[PDB]
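Per-chain residue numbering starts at 1, and chain names A, B, C and D are given in the order in which the chains are listed.
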Amino acid sequence: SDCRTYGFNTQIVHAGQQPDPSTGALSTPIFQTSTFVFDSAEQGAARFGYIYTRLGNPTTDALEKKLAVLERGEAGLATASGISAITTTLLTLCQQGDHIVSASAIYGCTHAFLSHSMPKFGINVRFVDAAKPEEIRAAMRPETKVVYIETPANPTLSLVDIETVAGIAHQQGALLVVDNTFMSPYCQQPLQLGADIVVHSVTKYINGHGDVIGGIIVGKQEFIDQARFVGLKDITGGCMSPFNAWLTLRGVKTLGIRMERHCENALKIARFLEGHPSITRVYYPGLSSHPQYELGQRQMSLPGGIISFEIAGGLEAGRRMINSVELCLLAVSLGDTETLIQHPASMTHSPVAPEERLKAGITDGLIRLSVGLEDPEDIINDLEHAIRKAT
Amino acid sequence: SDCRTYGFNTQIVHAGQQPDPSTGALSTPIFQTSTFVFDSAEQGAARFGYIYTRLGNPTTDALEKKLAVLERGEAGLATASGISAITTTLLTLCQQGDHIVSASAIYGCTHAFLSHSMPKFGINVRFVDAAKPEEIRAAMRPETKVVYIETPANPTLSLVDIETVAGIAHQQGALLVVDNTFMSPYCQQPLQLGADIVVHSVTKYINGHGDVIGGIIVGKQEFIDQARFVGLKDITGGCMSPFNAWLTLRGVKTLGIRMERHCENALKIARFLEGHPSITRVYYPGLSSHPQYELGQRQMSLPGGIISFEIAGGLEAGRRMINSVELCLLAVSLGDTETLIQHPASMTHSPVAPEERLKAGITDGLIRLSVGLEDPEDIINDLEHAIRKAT
Amino acid sequence: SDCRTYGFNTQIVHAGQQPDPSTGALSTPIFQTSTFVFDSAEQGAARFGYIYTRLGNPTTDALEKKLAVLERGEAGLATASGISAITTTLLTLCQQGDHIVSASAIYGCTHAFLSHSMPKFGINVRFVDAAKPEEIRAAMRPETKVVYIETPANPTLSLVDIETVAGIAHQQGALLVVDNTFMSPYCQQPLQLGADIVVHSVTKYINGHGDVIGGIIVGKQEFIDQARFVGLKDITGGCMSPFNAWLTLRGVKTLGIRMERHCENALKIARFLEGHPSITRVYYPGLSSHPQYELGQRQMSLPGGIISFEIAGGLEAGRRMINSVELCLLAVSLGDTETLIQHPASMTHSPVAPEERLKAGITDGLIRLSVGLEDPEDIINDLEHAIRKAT
Amino acid sequence: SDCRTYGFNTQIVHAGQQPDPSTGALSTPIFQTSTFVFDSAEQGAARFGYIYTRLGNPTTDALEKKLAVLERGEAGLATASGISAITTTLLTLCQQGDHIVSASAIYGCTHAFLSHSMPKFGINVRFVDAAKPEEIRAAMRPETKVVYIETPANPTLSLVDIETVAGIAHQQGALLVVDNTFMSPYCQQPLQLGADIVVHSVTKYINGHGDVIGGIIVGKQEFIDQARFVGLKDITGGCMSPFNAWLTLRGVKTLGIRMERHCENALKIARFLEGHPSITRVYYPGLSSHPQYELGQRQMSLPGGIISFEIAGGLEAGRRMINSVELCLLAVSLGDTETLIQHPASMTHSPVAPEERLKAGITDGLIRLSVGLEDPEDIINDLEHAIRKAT
C-alpha cells in the first residue's frame, strides 16, 4: 500500500522501511559505504540510484523518508548534527543582503550562528520575542527571506503560535522555519500548521538513546533538493553517516511509546514540583497556569518531557540541589532515556554576567529537567531528597 | 615516551592511541555517545574533559591527534566529509569582503563552493593555474586571506610547488591551505613545506576501505580551536560520528603498507600503459616524462596510486574501454583497496559541453584509474583486454 | 546507591550501567576489542579486570549485570545466541551418564539438541507434558541433573507452573532451568518462583529490534562462573560480540514500555480474533478461556505479545491468509517492533507428516502472530481483510 | 568471471564480494538483522535465500566464501570464536565412543576442551608429539575419527608436516583437522597439503586489527553443511554476528600486505635477537637453525610474524624485560597491528608448577613476541633497551 495511509504508530514503525528486496532482511541494512559502482558508462551518466554517500545512501534515505512521513512533509534530508540541519537550511536559503527574523528564545548555539556568523556573511538577523507575533510582523523587511522559531523554547518553555506566525510570514513573502526538536513529530507537526520547513536535532527525542548526534530537515521536494545538492554538497558538507542513520531509524521505532512515557512521567513530576513549597515556579506546558496553556493544548498533542523550575535560595540552592541528586544525571543534553538535570547559572552560563542571564530568562535558581523512562516515583524521590538538602 | 619521536610506521600504528586506562582495552573504544555527564555543578562549569560529542569525543580525539602527528601539525579536527573539512576551514577564516586565490585544477565540488557559494557570502575567489606560481602572486589582493591549492591535481595529475607557493602567500600576508587527499601524510607533508593548514577527505586513502565519508583539518592549535568552536559549532555543524572516527583509526593503521602497495602497483601499471601503442598519453608523477617530474621527486616520497591516461579513439573508445573491464570497478571514488576506473567524459561530465571539458583538461579519451591492492598482473591483464576490445 | 533498590523501570534504564568514569560518556562505550593490555608482568598474573573478550568485556559485563538485576539473579552470562545460552548451560551441567527431564512443548531447535545431540554425548533426555507436573516427577531418575521447561510454550501458548515444578525438581535433587524468552523479565521472573537458572534468546523481546542474535544465562555466581570459564571457554565458544551486547543494552532500555504496548496490542487483537466467526480457536493467556488462565495471572504480570489462532478451512485457508496480509510481515522470529505472522503447517513444518504435526499441536489452520508496536487498529484491519479473503 | 581464477592478492580483495546488486554499494552491506521476511507462504517453505541469521546471513556468507577461496576449500562457516570453530568442528564429527589423536603442542584452551570436556562426553583423546609423525600413527585406534594438529605450534614454534600426517591419517581412515591460525591462508594452505578441514581464530591475523573475536571453518561442502545445520544449530550455537563478519571482511582486505610486513619485520627482529649475547635461544622458522627449517620452507610461503626467545637469567630476567619495554605492549593475543609481548612463566602460567611448565616447553626465560607493523628499528630499539635493563 502507501505508508502515508496508516496510523501514526504504524508509520513510526514502518514508514520509509521495508524488507530488503534482494535478501529479505527485515532490518534496514547498514550501507556503510562511500563508493557506489556502476554497471556501465551509460548507467553512470544516467544517475549523474546512488553514486556517493555524501549525496545519498539507502540507509539514510530510509530515515529521511520516514521523518518526512511523520512530519507530513514531501522530503527529508539527514545531517551531521542539529546545528548542521539549521545552518544547511539557512545558508541554502539566504545570501548576502538577505534578512532573517528570529525568535530570541532559541537554542544557544543557533543564537551564535545567527548573531555572529550570519552577519559576517552579509546576512542580517533581527531577534524578537516570538511569543508576540506582532513583534515578528514589525521586524519584517523587504529583504526578509525567513522567519525562524523554536517551540516550546528554553529556558521557561514559552510557546510560539505556529499557525499565526506562518500566516504573518507568508503574507510578507517569507518562509517559516520551525525547530521541532523539543516536541518530535509525535507531539507537534509544524508543517500541518503552515510552516514551510521543519528542522530537528535527532540527537534528542527522535533518536532518544543518547548515542547519536545528527539532524534532519523536512520540507518540500523542491527545497530539500536544493538543501541537498547545494547546501550539503556545496556549503556545509554536513552529511550523516549511514551508521548514525541506522541507529536513528532504530531509535525512532520506539518514538511513540517513548514520548507517551516521557510525557506521562513529566506531568507527574511537574505536579509534584508545583506542590512543593521550596519550589517557587514550575514551567511546564501541561500545567494550567502556563501563560500559553490553551495554545499548547491546540498545538501540541502532549505537553512534552521537559520541565524547568526555580528552587528557593537562588544560585547556591541550585548548585546544592544538582550536587545532591543521586539518580538524575548531570548533563546538558535532553530527550534521552535517562533523566538528565542541569543548573544553567552554575554549569553552562557561569561566566555570563548574572544580570545578562536574568534578561535571557535564566534565573539563579532555574533548573532544567529532561524526564526519562525511569519510574516517576524514583525520580520524584530523588528530587524530593535533593530539594530538601538544597534548602 | 612521546609519539612524535617514533618512526613514521610506528606513528601510523600508535600515535594518538593507547590502551584504555580504566579497562586496558587495546582498541580505542567506540564512544558512541551524544551525552557526557558531570560529577558536580563545579566540574560542569570547569569544562564549559568532554561535554557533548559535536564539541569533542575521545574516539574522534584519537584520530585528530594521530593525523596531527602524521602531518607534523599541532592539532587536528575531524569532520563529516572532505567537503566539510574545506568549507569549515574557509568559512572560519573568511568573511564578506575577503578574497581567496585558488588553483583552477581542484576537486569539482570544491570548485562549486568556491565559484558559487563563497561569492554569495561576499567572499570573492580568483582561480589561477597554480602550476605557475607567478599567477598566484599576480592574483593576490590586499583582501586576500587564503591561497588554496591541491597537489597532485586532477585530471592530469599536475603538481603545485608547495614550498614556493607558501613563500609567496606568506610574503603577501595570506595563509596557504593545501588539500593533501591524493597523497596522504605518508607521501607528502605540506606543513613541512610551509603550508599553514592541511585538509583531507579521509574518504580516500587515510581510511582506505571505501566505507567512510569524512574529513580532517590539521594546523596550529590556535586555528584549529577556531575551526572547532566557531567553524563546526557555529557554521557547518559538520562533526564526524565516533563510529566513523573509529573506522578511520582502524583504516589508517595500514596506511603505510597500503600506500607502498598502491604506489608499487601504480608504477607497474603506468609503465605498462606508457608502453601500449593504443594509449596516447599517460599521466603519472612516477613517469620521467611528467612535466614536473623533478618537483615531484623532491616534494613526494612516492608518486601515488592514481593514474590518468588517454585511450586512442576519443569518446567512444573511452566508453567501450570502461564497459569492457571485468576486474576494475566503475566508480568515481579513489583510494579504496579495489581498483576503480572512470571515464569522466561519459560518466560525470557527459552533459558538459565537449569544448568546456577540453579547456578543463578533460579530453574525450581521458580515463582515470585508482589502483588498488590486487595483483598488478591481474589489473594489467584486465586493462590490456579492455583496451584491445575498445580499440 | 545500589541499583537493586530502584523500581523496575528505573532498573531497566540504569542497572548495570553508569557514566564512563574516565570520560563521563553516558552511553556504555563499545569496547570492540579482542586484546587487553597489562601495565606489568605482575598485573598480568594477578588477573590470570579484563584480559580477552571471549572471557570478558566491559560492554558485555554491563548487559550481564543488567539482566541479572532484572531477573533477580546473582550473575549473568551473554552468549552468541539463544541456542548457545541453552547448550552452554546444559553442557556445563551434564556429562555422559546424566539425565534431563524436558518439556515436550519447547523451541524446535532446542528439541533437536535434546533429542539428537545430547544422547550422542551419553546424556539421556525424557520428554514429558510439563503442563502436568506429575509427569515431570514420574520421569525423574537418580541420574537426573536438570529439569528443563519453557513457559508459555509454543504453539498453543500452554503454561508450566514454575513454582510447583521447582519444588518437585528440588525435592528430587535436580536443578530447574527455565527458558524465559517469551515473557522477558518484565513479565515473568522464574528465579523468584524457585528456578535455579534462567535462559533467554535476547534475539526476541530483550533486544526487541530484530537486529541481534544473542542469548543470556542468569543464575547463581557459582554456576555462572562455571558456565563462563568452562562452558563458554572450554565447550561452546559461544561468546557475544561487544557490539551485539551494546545493541542489546540499547534495545533493553525500552523493554518496559515495549512490553506494555506489545501486551496492550495483543490483548486487543486476541479479543478481536475471539469474536471472529471464521476463527475457530484463539490461544492467548489473556483470554479467560485459556485452560491455565488463573495460573497465568499469578505467574505472569502481563499475558504477553504472542497469539496463536486457528483459521477455518485448514491448510489452504492458513496459506491464503498469510498470503493476503499487507501490513503483518511473514517471518519466523518474534518479539520485534513489527508485527510478524507465520503459518507453521505451510512454512516451517511443510515437509513434516500432517499427522505428526497434529500430535505436536500444530494443526493445519494454526497461525502464530507476534504482535508489534503498530496501531492495533491497523493490525486488526489487516487481519480482518486477510481472514475475509482466506475464507 | 570466477574469483577462483585470480591471483592471491586479487582474491584477498575480491573473493566472496561484489557490489550490491540492488544499490551498487561497493562495501558489503552490514546485514545486522535477526529476521528475514518471505514474500509468500510458498517462498517460506521453499527455503525451509535466507531465513534467520544464526542459520545464515549475506554479510557472513561473503566472509565464508572469501575464506573458502583463500584456503582452496569448498565452503566456509564463520563462528563466534576460534574456540567455537574448533569445538563446532569436533563436536559435529565425534560422538561418545569416538577417539581423537591430537598434538600436545596446541593452544591452551583447545587443550582444556580436549583433555577435560571431550572425555566427559565419552570422546577419548590421545596427545602425542606431532613433530614425530610416527607417534601419530602409533596412537591411532579403530575408533579414531580425527587427527588434530596446529603448525607452527607454541611455545617454541615447532612444526608439523601436514602432508605426511594427512597421508597417515587417511590411510587409517581418519580426517585431518588443522588449526591454521598462526599462518593465515596467505602463508600456509593445509587443504592443499591433504588436510580435510582447516580452522582459524580470525581474532588473530585474518582480522588483524585486534577488535574481533571470531572463528572460521573451511572444508568440503558436505562437512560444512553438517557443521552449520547440526554443529552450530544443534550444539554450540556459536554464530558470528554480522558486524563481526563485516569487520573481518574489512580486516582481511589487507591480509597480504599485512603478512608481508609482519614477516619482514619478524625476520629482522629474529636476526637481531639471534645476534644478542643476552639471548640464549631464538625460535623462529625463518632462522636456518630451526630444527625443521627445510620443512618450513616447503610448507610455508613466509616464516610468520611470531617469535619466541629465551632471555638469560630465567624468571626474574623475563619479568624485568617485559616490565622494561616502552613500545611493545603486554598482552596475550597475537596477529594485531601493534607489537605484543608476553612472558608466560610470570603472566599466564605463574600458578603452574615450574617443572610442569618446563615439560611443556615453557622455560622461565621464554618470551613470546607478536611482531606488528611498526618500524622494526623502533621495535629493535625497544627490545635492546629492555634486554639491557633486564640483564
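The working rule: a residue touches a chain if its C-beta (ideal position, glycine included) is under 8 Å from a C-beta of that chain, and two chains touch if they have at least 3 such contacts.
Counted by C-beta pairs in contact, the busier of A-D and A-B is A-B.
Residue-number overlap of contact pairs with A-C passes half for only one option from B-D, B-C or C-D: B-D. Subunit A and subunit B have CA centres that are 34 Å apart. Rounded to whole angstrom, the centroid-to-centroid distance between subunit B and subunit D, based on C-alpha atoms, equals 37 Å. Computed from the mean C-alpha positions, the centre of subunit A lies at a distance of 50 Å from the centre of subunit D.
Residue positions of subunit D with contacts to 2 or more other chains are 19, 26-27, 32-39, 210-211, 329, 331, 333, 336.
If you sketch which chains touch which, every chain touches every other chain without exception.
Pairwise chain contacts present here: A-B, A-C, A-D, B-C, B-D, C-D [touch as defined]. Across the complex, subunit C meets subunit D through its residues 32-42, 44-45, 48, 51-54, 79-88, 95-96, 109, 112-113, 116-117, 120-123, 203, 207, 210-213, 215, 230, 233-241, 243-244, 247, 318-319, 322-323, 329-333, 336, 340, 342-343, 346-348, 350-351.
Those residues of subunit B whose C-beta lies close enough to touch subunit D in the complex are 1, 6-10, 12-14, 19, 26-27, 209-211, 250, 253-254, 256-258, 260-261, 326-327, 329, 331, 333, 336-338, 372-375, 377-378. Every residue of subunit C that touches subunit B in the complex is listed here, in rising order: 19-27, 29-39, 49-50, 58, 246.
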